[PDB]
Undergrad: 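I am attaching a structure below and will ask some questions about it afterwards.
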Amino acid sequence: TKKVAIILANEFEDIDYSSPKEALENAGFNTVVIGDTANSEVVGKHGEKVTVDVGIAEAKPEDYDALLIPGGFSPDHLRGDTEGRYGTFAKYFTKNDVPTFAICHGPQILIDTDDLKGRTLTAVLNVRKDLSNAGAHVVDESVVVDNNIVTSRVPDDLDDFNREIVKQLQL
Amino acid sequence: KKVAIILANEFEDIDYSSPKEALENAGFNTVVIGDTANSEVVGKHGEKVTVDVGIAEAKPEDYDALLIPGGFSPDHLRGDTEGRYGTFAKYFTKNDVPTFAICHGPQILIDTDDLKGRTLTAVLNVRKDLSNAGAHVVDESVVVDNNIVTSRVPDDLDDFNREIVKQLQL
């Protein structure tokens, strides 16, 4: 059975978490929330409470068949980790071409992999310039698939994003 | 001397209030520029601030400096569909006018495209993005690079406030 790592801090955009989680589980994949501390709670912009399953200190990225990075201000929080542990975690996925899915601000974390040169991505407007400075070919599309990396811009893109992430996992 | 403060919702309260009070104590005037004139924007910890001038009307030549408070306000500003806050900031970087940014504030300066070779600091969360914009990023309580003054976190405010006042007294 395949399972998806979802990296999550406080102030995630609630629907960026719930909608792809529901699509993945509906297709028969399981999800696991990876955050600062196992069994801590993180709270979305709009109040959704999510319990962290696995601490980032213990998490083995090779255990997971895909990474999902929900947006809002969760990715900014994750990039505040003094030891850069979420960037290092995401680097496993980009270095080994494992399916990697990011929506909205999510692609911010991919910048910390230093692996984006020549990759094609989209993101929320706020973050596109940073993605291009990181070496990406940034485009403005509802969903972008570049081999293993799937990106979308906003919650309104979720139908397209969810369809593509489940396909990539079927591979 | 008049200082433009560009501000959206979820600014870090003391990043606004503490420099604004330092500037006003030194005899300078501040003018909050935001999405719509006479709206209120609200800080992460609930401080309410009235927007004096809408970004659509603001003329950056009017001002003797630009101040960019941190929090998630700079991110919000970078979401403006027509990039009007980046364009506002470009006047200051192009014309070497005093430009002060704390915490996440320096994110806005990324949109000017004018950071190559410039020396800045910022909160850890945004340092990589500043480096990728070509800036020489250091980890100091305050950094002065000609016209641009940056600091990292609220603890640095004493040092920030001293340096931004000193810029304007020139």
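The analysis underlying the following values was restricted to heavy atoms, covering all of them including side chains, and did not include hydrogens, waters or symmetry mates. Proteins get letters first, then strands, A, B, ... in listed order; numbering begins at 1 in each.
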Undergrad: Do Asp112(A) and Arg79(A) meet the salt-bridge criterion of a basic N to acidic O distance under 4.0 Å?
TA: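 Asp112(A) and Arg79(A): salt-bridged.
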Undergrad: Does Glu83(A) have more than 12 heavy atoms from other residues, nucleotides or ligands lying within 6.0 Å of its CD?
TA: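 No, CD of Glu83(A) has 12 or fewer neighbouring heavy atoms, counting only those of other groups under 6.0 Å.
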Undergrad: Closest approach of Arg162(B) and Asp159(B), non-hydrogen atoms and distance?
TA: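 Closest approach of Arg162(B) to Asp159(B): NH1-OD1, 3.0 Å.
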Undergrad: Just verifying a value: how many Å separate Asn29(B) CG and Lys20(B) NZ, rounded to the nearest 0.5 Å?
TA: 9.5 Å
Undergrad: How many angstroms lie between OG1 in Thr1(A) and CG in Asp65(A), if you round to the nearest 0.5 Å?
TA: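 Answer for the OG1-CG pair, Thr1(A) versus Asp65(A), is 8.0 Å.
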Undergrad: Out of curiosity, does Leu157(B) fall in the hydrophobic cluster containing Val3(B) (side-chain heavy atoms, cut-off under 4.5 Å, transitive links)?
TA: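 They do share one cluster, since a chain of ILVMFWY contacts under 4.5 Å joins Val3(B) to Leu157(B).
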Undergrad: Look up atom CZ in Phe28(B) and atom CD1 in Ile164(B), then write down how far apart they are to the nearest 0.5 Å.
TA: 9.5 Å
Undergrad: Rounded to the nearest 0.5 Å, what separation is found between the CG atom of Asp80(B) and the CZ atom of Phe88(B)?
TA: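 Rounded to the nearest 0.5 Å, the CG-CZ separation comes out at 12.5 Å.
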Undergrad: Look at atom NZ of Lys1(B) and say whether more than 12 heavy atoms of other residues, nucleotides or ligands are closer to it than 6.0 Å.
TA: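 Result for NZ/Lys1(B): open.
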Undergrad: Please find the pair of heavy atoms, one from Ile6(A) and one from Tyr17(A), that lie closest to each other, and give the distance.
TA: CD1-CE1, 3.9 Å
Undergrad: Do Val145(A) and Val150(A) come close enough that some side-chain heavy atom pair is under 4.5 Å?
TA: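 With C-beta onward as the side chain, the pair touches.
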Undergrad: How close do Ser141(B) and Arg152(B) get, counting heavy atoms only, and between which atoms?
TA: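 Scanning both residues, the minimum pair turns out to be CA-NH2, 3.5 Å.
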Undergrad: Should the heavy atoms of other residues, nucleotides or ligands under 6.0 Å from CG of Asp97(A) be counted, would the total exceed 12?
TA: yes
Undergrad: Can you establish whether the number of heavy atoms outside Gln169(B) located under 6.0 Å from its atom CD is more than 12?
TA: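 More than 12 within 6.0 Å, yes.
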Undergrad: Determine yes or no for a side-chain-to-main-chain donor-acceptor pair under 3.5 angstrom, with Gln167(B) supplying the side chain and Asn146(B) the backbone.
TA: yes
Undergrad: Can you confirm whether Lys166(B) is buried at NZ, in the sense that more than 12 heavy atoms of other residues, nucleotides or ligands lie under 6.0 Å from that atom?
TA: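 Count not over threshold, so no.
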Undergrad: Counting only heavy atoms from other residues, nucleotides and ligands, does the tally under 6.0 Å from CD of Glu24(B) exceed 12?
TA: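 More than 12 heavy atoms, drawn from other residues, nucleotides or ligands, come within 6.0 Å of this atom.
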Undergrad: Report yes if some heavy atom in the side chain of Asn148(A) is under 4.5 Å from a heavy atom in the side chain of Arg119(A); otherwise report no.
TA: yes
Undergrad: List the atom of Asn9(B), the atom of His76(B), and the distance in Å for their closest heavy-atom pair.
TA: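 Heavy atoms only, the tightest pair is O-CD2, 3.0 Å.
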Undergrad: What is the ring orientation for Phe73(A) with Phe72(B), classed by angle as parallel under 30°, tilted 30 to 60°, or perpendicular over 60°?
TA: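 Plane angle under 30°, so parallel.
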Undergrad: So, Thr151(A) side chain and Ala102(A) main chain: donor-acceptor pair closer than 3.5 Å or not?
TA: no
Undergrad: Are side-chain heavy atoms of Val52(A) and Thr37(A) found at a separation under 4.5 Å?
TA: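 Answer no - side chains too far apart.
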Undergrad: Kindly indicate, with the supporting measurements, whether the criterion side chain to side chain contact (heavy atoms under 4.5 Å, CB included) is fulfilled by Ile111(A) and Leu116(A).
TA: CA-CA 7 Å; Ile111(A) 295 173; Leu116(A) 290 192; 4.1 Å; yes
Undergrad: Would you name the heavy atoms of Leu67(B) and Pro19(B) that are closest together and state the gap between them?
TA: CD2-CB, 4.0 Å
Undergrad: Ignoring hydrogens and angles, state whether a donor on the side chain of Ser152(A) or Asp157(A) is under 3.5 Å from an acceptor on the partner side chain.
TA: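 Note: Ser152(A) and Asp157(A) side chains miss the donor-acceptor criterion.
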Undergrad: If we ignore hydrogens and angles and just use 3.5 Å, is the side chain of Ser131(B) paired with the main-chain N or O of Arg127(B) as donor and acceptor?
TA: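 Pair found, side chain donor or acceptor close to backbone of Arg127(B).
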Undergrad: List the steps, then state whether side chain to side chain contact (heavy atoms under 4.5 Å, CB included) holds for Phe160(B) with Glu163(B).
TA: CA-CA 5 Å; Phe160(B) 187 75; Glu163(B) 291 302 329; over 6 Å; no
Undergrad: Taking a hydrophobic cluster as the set of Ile, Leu, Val, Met, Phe, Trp and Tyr residues connected by side-chain heavy atoms closer than 4.5 Å, whether directly or through intermediates, do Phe100(B) and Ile148(B) fall within one such cluster?
TA: no
Undergrad: In terms of hydrophobic clustering (I, L, V, M, F, W, Y; side-chain heavy atoms under 4.5 Å; direct or indirect links), are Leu130(B) and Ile108(B) co-clustered?
TA: yes
Undergrad: Does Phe11(B) belong to the same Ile/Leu/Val/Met/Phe/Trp/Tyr cluster as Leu77(B), with side-chain heavy atoms less than 4.5 Å apart forming each link?
TA: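 Unlinked, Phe11(B) and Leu77(B) end up in two clusters.
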Undergrad: Show the nearest heavy-atom pair for residues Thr51(A) and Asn39(A), with the distance to one decimal.
TA: CG2-CA, 3.8 Å
Undergrad: Can you tell me if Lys49(A) uses its side chain to pair, donor with acceptor, with the backbone of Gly47(A) under 3.5 Å?
TA: yes
Undergrad: Among side-chain atoms of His105(A) and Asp75(B), is any donor-acceptor pair under 3.5 angstrom?
TA: yes
Undergrad: Using a 3.5 Å distance criterion without hydrogens, assess whether the side chain of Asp14(A) forms a donor-acceptor pair with backbone atoms of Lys45(A).
TA: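 Yes; at least one donor-acceptor contact below 3.5 Å.
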Undergrad: Does any non-hydrogen side-chain atom of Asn132(B) lie less than 4.5 Å from one of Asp130(A)?
TA: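 Not in contact.
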Undergrad: For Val4(A) and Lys2(A): C-alpha separation, side-chain torsions, deciding distance, then whether side chain to side chain contact (heavy atoms under 4.5 Å, CB included) applies.
TA: CA-CA 7 Å; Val4(A) 179; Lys2(A) 288 179 192 176; over 6 Å; no
Undergrad: I'd like to know whether CD of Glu22(A) has more than 12 heavy-atom contacts from other residues, nucleotides or ligands below 6.0 angstrom.
TA: no
Undergrad: Are the side chains of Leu66(B) and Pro60(B) in contact, using a 4.5 Å heavy-atom criterion?
TA: no
Undergrad: Has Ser73(B) got a side-chain atom pairing as donor or acceptor with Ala8(B)'s backbone, closer than 3.5 angstrom?
TA: yes
Undergrad: So, taking the atom named CG in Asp16(A) and the one named CG in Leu8(A), what distance separates them when rounded to the nearest 0.5 Å?
TA: 10.0 Å
Undergrad: Check whether any side-chain N or O of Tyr86(A) sits under 3.5 Å from a backbone N or O of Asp36(A) as a donor-acceptor pair, and report yes or no.
TA: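 Indeed, once roles are kept as given, a pair shorter than 3.5 Å links the two residues.
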Undergrad: State, with a plain yes or no, whether a side-chain heavy atom of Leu110(A) is found less than 4.5 Å away from one of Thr94(A).
TA: yes
Undergrad: If hydrophobic clusters are built by linking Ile, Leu, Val, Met, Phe, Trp and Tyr wherever their side-chain heavy atoms come under 4.5 Å apart, do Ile34(A) and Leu169(A) end up in the same one?
TA: no
Undergrad: Could you measure the distance from the CD1 atom of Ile6(B) to the OH atom of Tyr63(B)? Nearest 0.5 Å is fine.
TA: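 OH of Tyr63(B) is found 12.0 Å from CD1 of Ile6(B).
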